[PDB]
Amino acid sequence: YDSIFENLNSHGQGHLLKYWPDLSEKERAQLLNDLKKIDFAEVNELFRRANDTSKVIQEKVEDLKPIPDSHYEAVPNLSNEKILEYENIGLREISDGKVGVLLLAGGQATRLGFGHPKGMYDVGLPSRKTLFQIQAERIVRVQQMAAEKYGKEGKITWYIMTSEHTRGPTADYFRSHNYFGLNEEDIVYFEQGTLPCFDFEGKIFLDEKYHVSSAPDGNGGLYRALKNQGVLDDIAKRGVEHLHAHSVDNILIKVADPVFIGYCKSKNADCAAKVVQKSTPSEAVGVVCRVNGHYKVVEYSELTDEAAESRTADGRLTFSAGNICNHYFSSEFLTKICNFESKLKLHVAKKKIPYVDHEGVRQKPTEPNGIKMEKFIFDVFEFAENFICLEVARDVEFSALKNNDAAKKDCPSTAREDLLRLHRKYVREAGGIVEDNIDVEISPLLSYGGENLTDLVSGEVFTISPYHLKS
């Protein structure tokens, strides 16, 4: 106790042991287990840098400039012959077993009110498939496409990053469903770290008398987790050369998109980000920018209202390159990143954090009472030697699940609506006849991105809703 107290008090966190006399021996052991999981020197060192307001005000007066339209291309503007070239390059890499996916599934947002990892959400499709199952079947299908073209049945290694409260339920969900037709050996779970939650005076919250308040350390915690969980070793052993990192909530996600992988390989990019066009200033998307001669993403929470609402001569937003958390990393760049993730800025967010008050009572604040600190995955972009930005069509590739339906944006209903609208488009683009009032869902096992539909829908008329086109 004495050595533990000193470690705490030398860093001003001695209050965490306040309730020691009232705790059972098991609660005492739980509390001590919480404390030994925290490096109080590194945490306290990190908090000071993250909350150095003088440096923050300097970053606010930076001459923030958007990525010029001249520095990126848009997939829908490419010729179909250039698209095929990129797709075939990506399909070859997938077939050769050189592609992995880094699924960011440790996020703990509560906005949705879902008592499970977000990946288990069912937005009410005719198939009633979850985000996890849809993504798994997209992996199945694109592996099949790659093997059918190039012979070898290469596998995408699915690296699923979890946090403490998602690790168990996520592994249980995939196991219960027989990995949705994928092989268990190719799905690799790894767990990101956490950081404690602080009040406005820099003292760490107690979630219970025997439990320190903590939260996942941001999706920028990927890099440290990759190293200390042995994932970089696994990547090197498997011969994986390309990594597709993306969020869990985008129901339109082109997992291991061969066009994306082929595009970045052909441009010899060490790192890349997909973007969509931002048309409302308040959309909660980061924007790709240039400052001091390198690329950056400024999170929606850190973009001034002035910059967000600034307009071009056209009337487009000046900052219109909307990040959709959909990134490419070369294996070489990834392993070099993980050796300097220490320098990665910690971002501060005001949050409503439950806490034990000065009277042993757990409160639930109605106004933000504390701070969480997060590393952001895109903060490595400024260290890339050949960063590439690739614009994609929003209706084909981005529809985020963030809020409940009452918010009416980025909700289950818009996610389900965006996917069904896209599949209606795929059916029409393959020669099928279907009106907007018909809900036709295309199984990912039948079509990854609109291919493989002519023989089934060309000339056919779809008049009954809902309809499920299956494999």
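The first residue of the sequence shown is number 1, and the count goes up from there.
Higher average CA B factor: 76 to 84, of the stretches 76 to 84 and 266 to 274. When the two stretches 403 to 411 and 420 to 428 are set side by side, the higher mean Cα temperature factor goes to 403 to 411. Residues shown: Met145, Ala321, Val188, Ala109. Highest C-alpha temperature factor in the entry: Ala109. Per the deposited record, the Cα B-factor of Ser10 falls in the highest third when ranked against the other modelled residues of its chain.
Compared with the other modelled residues of the chain, the Cα B-factor recorded for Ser127 ranks in the middle third. In the deposited entry, the Cα temperature factor of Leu32 sits in the middle third of values across the chain's modelled residues. Sort the modelled residues of the chain by CA B factor and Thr463 lands in the highest third. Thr157 sits in the lowest third of its chain by CA B factor, as recorded in the PDB entry.
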